[PDB]
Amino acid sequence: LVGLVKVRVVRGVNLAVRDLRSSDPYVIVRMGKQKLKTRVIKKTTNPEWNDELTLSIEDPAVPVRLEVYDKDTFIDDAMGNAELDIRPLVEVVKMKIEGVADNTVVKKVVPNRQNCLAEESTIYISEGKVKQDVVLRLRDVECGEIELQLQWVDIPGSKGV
């Protein structure tokens, strides 16, 4: 492993309705074959999950994938998906910035037609730590955004594989 990334799934905003008036949403978060899930919150389209899911990083070029679903007795309807590139986070990690003020913004990632960003994403230092604030717009669904906060975790050493 090269490190860990704490993915705090903060909230879903205006998610799709999949059970007539509301939904029972959860997120599956993947990095390749690695997969984790948030809790389910019942009968909301604005879930305040605030669930932190920690991914082991082996290859930072593999996207982090997020899939939202409705929990249901018969079929768990999809409620959109998105993905995120953690290479910008890793780029800032490699700058080895230390000793600065909290919330020192050092890199910004802009939305474009290929990525899933809803707005400019900021990568910042709150020491020792490298963090990223992300809002993702969901694909393959009529509405919905997911708000995330990422945090890099270094794996202490020990060096030379």
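One rule holds for the numbers: they count along the sequence shown, beginning at 1.
According to the PDB record, 121-129 carries the higher mean C-alpha B-factor of the two stretches 121-129 and 33-41.
Mean C-alpha B-factor is higher over 93-101 than over the other stretch, the pair under comparison being 61-69 and 93-101. Which of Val153, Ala16, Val13, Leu148 has the largest Cα B-factor in the deposited entry comes down to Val153. Ranked by C-alpha B-factor against the other modelled residues of its chain, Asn46 falls in the lowest third. Sort the chain's modelled residues by C-alpha temperature factor and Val106 lands in the highest third, per the entry.
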